[PDB]
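**Student:** What the first sequence shows, in the authors' numbering, is residues 620 to 735, 744 to 768, 775 to 795, 826 to 869, 876 to 918, 930 to 1424, 1463 to 1506, 1513 to 1569, in sequence order. Don't be surprised by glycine CBs; every beta carbon is placed ideally from N, CA and C.
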Amino acid sequence: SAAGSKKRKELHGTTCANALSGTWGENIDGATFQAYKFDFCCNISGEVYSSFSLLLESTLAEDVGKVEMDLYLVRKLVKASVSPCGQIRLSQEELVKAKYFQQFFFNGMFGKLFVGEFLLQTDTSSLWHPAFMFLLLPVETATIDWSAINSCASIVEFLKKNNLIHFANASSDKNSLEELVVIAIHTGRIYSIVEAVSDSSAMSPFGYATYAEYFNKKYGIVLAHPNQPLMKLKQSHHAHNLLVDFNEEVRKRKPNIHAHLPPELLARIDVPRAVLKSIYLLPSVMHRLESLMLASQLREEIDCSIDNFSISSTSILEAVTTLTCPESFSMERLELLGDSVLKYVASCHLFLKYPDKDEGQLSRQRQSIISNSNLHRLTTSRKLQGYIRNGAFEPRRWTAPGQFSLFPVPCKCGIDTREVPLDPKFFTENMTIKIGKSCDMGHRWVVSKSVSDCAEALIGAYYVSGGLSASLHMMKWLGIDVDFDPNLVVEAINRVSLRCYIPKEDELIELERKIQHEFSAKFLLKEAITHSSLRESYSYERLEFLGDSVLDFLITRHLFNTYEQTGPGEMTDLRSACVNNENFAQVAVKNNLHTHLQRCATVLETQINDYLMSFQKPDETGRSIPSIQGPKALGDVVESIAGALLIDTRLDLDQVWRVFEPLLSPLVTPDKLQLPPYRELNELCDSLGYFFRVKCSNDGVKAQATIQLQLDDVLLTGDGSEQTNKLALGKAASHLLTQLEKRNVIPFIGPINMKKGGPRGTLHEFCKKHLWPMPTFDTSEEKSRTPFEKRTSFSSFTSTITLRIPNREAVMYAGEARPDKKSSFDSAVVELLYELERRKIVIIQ
RNA sequence: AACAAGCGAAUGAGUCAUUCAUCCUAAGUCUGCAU
RNA sequence: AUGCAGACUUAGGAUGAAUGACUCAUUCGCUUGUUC
Ligand SMILES: [Ca+2]
Ligand SMILES: [Ca+2]
Ligand SMILES: [Zn+2]
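Here it is in structure tokens:
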């Protein structure tokens, strides 16, 4: 419901590329352009794609206008290079012929040329929007290839005017005729002739008896050359989102469908079909360049003014790209990284800014700085939500300038200006709304968690490219209340030098010979030592605040950099084992930091002594694990020594990590990743398909928890005891995982629900409560080319369920008839339940 | 890769609901103990 | 009053799983219309 939440889908607008904006539409005299060269080169060496030239009014940003992108076609891959060229001038005759080329081929293949009648006859320039006009036209191989453009412009004046075989345009040799571009005149769609039938004509068999009857009835047009061979020619299809590798290099080899037109209906174009094949690549290439242009525009808006700093447009691009956008990149890792950069920087800034606020009000002031609500506020105020690439990317909808837009989404979003203002009625809590789908004015539904993710992802993107300083610039550019004011960190040492160090028993020396750092101040490490039970003016609660953040950031920087192909949720699984406070307790004991936690609490002394007693020497070399948890003060010392390491070392994070990398020597790698037993238990029980009753209680001092798991014949009960009962659930789950890894008329079903998940919903909630394992389905389909109360379909799935009902013999049943696959399962569950009622197991009422 | 649509499926997401979890941080109440 | 402990709940960040339903993308089978 709140700003920054996932549930509030809020409508935002898209930003125009600002370099695709040309004012050169409707000049009187020829307009000058900056050119970029699209070199397409396939991995198959048998067929060539033509190189194109993008002709913008404005220069590109040298990171956009020199980029290589891979295009994943069907069963082949094309490298597209966007190397620059020179500034190219175009005369008005050249400018009209270039606009005719672009408008002709994009409208003839992707659009509908012959609207209704020829599109280029009726008035254009409505189709040349000034927000998006770029004039992309082939090159002869930095050249510009006026041969194909002149042929296309000549066939434009032709169609406005409307042994060798005869096209409507011109005659052609019968042999040098295959694989050439051709536009049919009676329905204006570009073809490309694969072959001419060797022994066929307009009289060939086609509810039409023949081809010439088909044209004489459908179009009413007398073929004045029936003798000549009608031509099989592959049609012009639509463009297909080459930017993502969807097939993963499923889709089977489909034959080309060819149309067969008499050559009189065809008009010859001297455009090669190298050009025609390259145009199918242009919607995805220009969508990628459009996106990189917005990314570099964001980079320019953010600036940096740093002498040694540069950030790619591809990394800004991935930082704005929500996962609703099927792509290779998806911002999710950068926004985990930027969550932790932001949390570090916010904690370090509040630590240094407020030397008197303790762990709680520092932590709450951080909750005000680092929230998704705060980052959503500072991102939408900064108008960074327009750069969000939260879109599926319909290439069918991609229209070049001059192309008609056969697929318009007319802006019924209620706002008539481009950029929406953040007001409610542009917020929606409901389902059925389509997140990502733009209208034609560029407005689309954004999850609003992804706006805050945008913020964090650009914090992380400037972190990767510029280190801490450029990420801190990105944060101040958003308006994050951080400044880092470096003498202020010196002022912290000037809150340390005034105190008289208390270096009494040379305790710090032994502690520093455990952590291999010198401590040029030594009161930071005394404060990181000092527990709140000593009742001093100082304590480690404030340095543990700082060190929670510096360790969460140093570890997720390690995890971001090492594991480059795994996203959040495995990085969060790994971070919740490195920054786990139990792990910090084992790291405190393993390096023996725990003998320097200075405290005056006897109950904390018996918690330390129980936890040192709980360590068991392992069965193989490994690591000495504990039996029980052991208190937070152990791990809080580890955090606070990291926090003292920052303020000691003038916030040098490479030094803080140079010290703390050998501390947790066995860093968790995702092979070595062992999740908490409860999580791993109910993930394994749900993935295999079983449930467990769970029961925890507080009998004596320490809590008890039993877990009755039901496998198919037995109910096996794993039970454990621990202080917290979340960890008694953890130990009962670990007991159950050991004794599971060795192995690896009374009930009321309640009312059957409807709305197509209802019966499987009720039987699943029933199997969880009255503990039976999940029913497994066996659907059966009889697909028919004839259609099948009912609404129509063509498969008629009749499904039978099984349920391995415990302490009974198993039961399979079936469903009458269902068009859907989900419904078949549903009706099979219903006929099962009524059958079960008859079998004296459950009562529906 | 003819095109649009509808229907069915498969796969990957996102989101909601349900009911459960993990990790870090703060806090409140209730219960217990003790100084 | 303070400390500790546990339950519960909330707030903040990062998340994950089963089930159910949408939605999207990609892909396939069919159907109709269109092209043929
Ligand atoms: Ca986030
Ligand atoms: Ca801690
Ligand atoms: Zn709109």
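Return the chain-ordered list of same chain residues with a C-beta closer than 7 Å to the C-beta of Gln-1419, the five sequence neighbours on each side being excluded.
**Tutor:** Around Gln-1419, the same chain offers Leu-1396 and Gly-1398 as residues with beta carbons nearer than 7 Å, after the five sequence neighbours per side are excluded.
**Student:** Does the beta-carbon distance from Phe-1084 to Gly-730 come in below 7 Å?
**Tutor:** Yes, they are a contact pair.
**Student:** In the DSSP assignment, find the unbroken beta strand (DSSP E) run with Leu-1409 in it and report its ends.
**Tutor:** Premise fails: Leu-1409 lies in the alpha helix (DSSP H), 1406-1421, not in any beta strand (DSSP E).
**Student:** Check each residue's C-beta against every heavy atom of ligand 1 and list, in chain order, those closer than 6 Å.
**Tutor:** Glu-1015, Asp-1019, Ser-1132, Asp-1133 and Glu-1136
**Student:** Can at least three beta-carbon pairs, one atom from the region 1022-1033 and one from the region 1220-1236, be found at a separation below 8 Å?
**Tutor:** Under the Cβ criterion (8 Å, minimum of three pairs), the region 1022-1033 counts as touching the region 1220-1236.
**Student:** Does the distance between the C-beta of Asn-1261 and the nearest non-hydrogen atom of ligand 2 fall short of 6 Å?
**Tutor:** yes
**Student:** Across the region 1521-1535 and the region 1491-1500, are there enough close Cβ pairs to call them in contact, namely three or more that are closer than 8 Å?
**Tutor:** Enough Cβ pairs lie closer than 8 Å, so yes.
**Student:** Should the region 650-660 be regarded as contacting the region 684-701, the criterion being three or more beta carbon pairs within less than 8 Å?
**Tutor:** yes
**Student:** Please classify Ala-621: is it buried, with 16 or more other beta-carbons within 10 angstroms of its beta-carbon, or exposed?
**Tutor:** exposed
**Student:** Starting from the C-beta of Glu-1109, find all residues in its chain whose C-beta is less than 7 Å away, skip the five residues before and the five after it, and write them out in chain order.
**Tutor:** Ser-620, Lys-626 and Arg-627
**Student:** For the structure I just gave you, are there three or more beta carbon pairs, one from the region 1166-1183 and one from the region 1197-1204, closer than 8 Å?
**Tutor:** The region 1166-1183 and the region 1197-1204 touch, with no fewer than 3 CB-CB distances between them shorter than 8 Å.
**Student:** Would you call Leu-1158 buried or exposed, if buried means 16 or more other Cβ atoms sit within 10 Å of its Cβ?
**Tutor:** Classification of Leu-1158: buried, given that the 10 Å Cβ count is 16 or more.
**Student:** To the nearest whole angstrom, what separates the beta carbons of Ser-1128 and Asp-682, a pair I think is in contact under 8 Å?
**Tutor:** No, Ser-1128 and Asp-682 are not in contact; Cβ-Cβ is about 30 Å, not under 8 Å.
**Student:** How about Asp-1038: is its Cβ closer than 6 Å to a heavy atom in ligand 2?
**Tutor:** no
**Student:** Alpha carbon to alpha carbon, what distance is there between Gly-1147 and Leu-1409?
**Tutor:** 42 Å
**Student:** When the Cα atoms are used, what is the spatial distance from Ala-1026 to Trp-1337?
**Tutor:** Answer to the nearest angstrom: the Cα atoms are 18 Å apart.
**Student:** What's the C-alpha gap between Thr-651 and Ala-758?
**Tutor:** 18 Å
**Student:** For my contact list, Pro-1006 and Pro-1075 are in at a C-beta cut-off of 8 Å; report their separation, rounded to the angstrom.
**Tutor:** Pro-1075 and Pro-1006 do not touch by the CB rule: their CB atoms are close to 12 Å apart, not below 8 Å.
**Student:** List, from N- to C-terminal side, the beta strand (DSSP E) runs of 3 residues or more that fit wholly inside the region 633-680.
**Tutor:** Taken in chain order, the whole beta strand (DSSP E) runs of length 3 or more contained in the region 633-680 are 651-661 and 671-675.
**Student:** For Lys-1474 and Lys-1546, I'd like the C-alpha separation in whole angstroms.
**Tutor:** 7 Å
**Student:** Does the region 1273-1285 touch the region 1349-1358, meaning 3 or more C-beta pairs lie closer than 8 Å?
**Tutor:** no
**Student:** Could you check whether the Cβ of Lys-1312 sits closer than 6 Å to any heavy atom belonging to ligand 2?
**Tutor:** yes
**Student:** Hey, would you say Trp-1125 sits closer than 7 Å to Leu-714, going by beta carbons?
**Tutor:** No, these two residues do not count as a Cβ contact at 7 Å.
**Student:** Please report the Cβ distance between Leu-827 and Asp-836, rounded to the nearest whole angstrom; I am assuming they are in contact, meaning their Cβ atoms lie under 8 Å.
**Tutor:** Contact flag correct, Cβ pair sits at about 6 Å.
**Student:** Give the single residue among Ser-753, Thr-768 and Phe-720 whose Cα lies nearest to the Cα of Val-789.
**Tutor:** For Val-789, the nearest C-alpha among the options comes from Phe-720.
**Student:** I want to check one thing, is the minimum distance from the CB of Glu-1319 to the heavy atoms of ligand 2 below 6 Å?
**Tutor:** Checking every heavy atom of ligand 2 against the Cβ of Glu-1319, one is found closer than 6 Å.
**Student:** May I have the straight-line CA-CA distance separating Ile-1113 from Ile-848, to the nearest angstrom?
**Tutor:** 42 Å
**Student:** I believe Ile-1327 touches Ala-1150 by the beta-carbon criterion, under 8 Å. Please report the beta-carbon distance rounded to the nearest angstrom.
**Tutor:** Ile-1327 to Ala-1150, Cβ: 23 Å. No contact.
**Student:** How about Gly-1315: is its Cβ closer than 6 Å to a heavy atom in ligand 2?
**Tutor:** yes
**Student:** Count the other CB atoms within 10 Å of the CB of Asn-1272; is the residue buried (16 or more) or exposed (fewer)?
**Tutor:** exposed
**Student:** Name the residue from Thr-1059, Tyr-1067 and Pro-1477 whose alpha carbon lies nearest to the alpha carbon of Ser-1548.
**Tutor:** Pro-1477
**Student:** Return yes when the Cβ of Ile-1308 is within less than 7 Å of the Cβ of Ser-1320, no when it is not.
**Tutor:** no
**Student:** Who are the Cβ neighbours of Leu-946 in its own chain at under 6 Å, not counting the five residues just before and after it?
**Tutor:** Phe-830, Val-845 and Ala-847
**Student:** Any idea what DSSP makes of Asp-689, helix, strand or coil?
**Tutor:** strand
**Student:** I think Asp-1392 touches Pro-1530, with their Cβ atoms under 8 Å apart; what is that distance to the nearest whole Å?
**Tutor:** 6 Å
**Student:** Could you give the C-beta distance for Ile-707 and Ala-654, rounded to a whole number, given that I count them as a contact under 8 Å?
**Tutor:** Contact flag correct, Cβ pair sits at about 5 Å.
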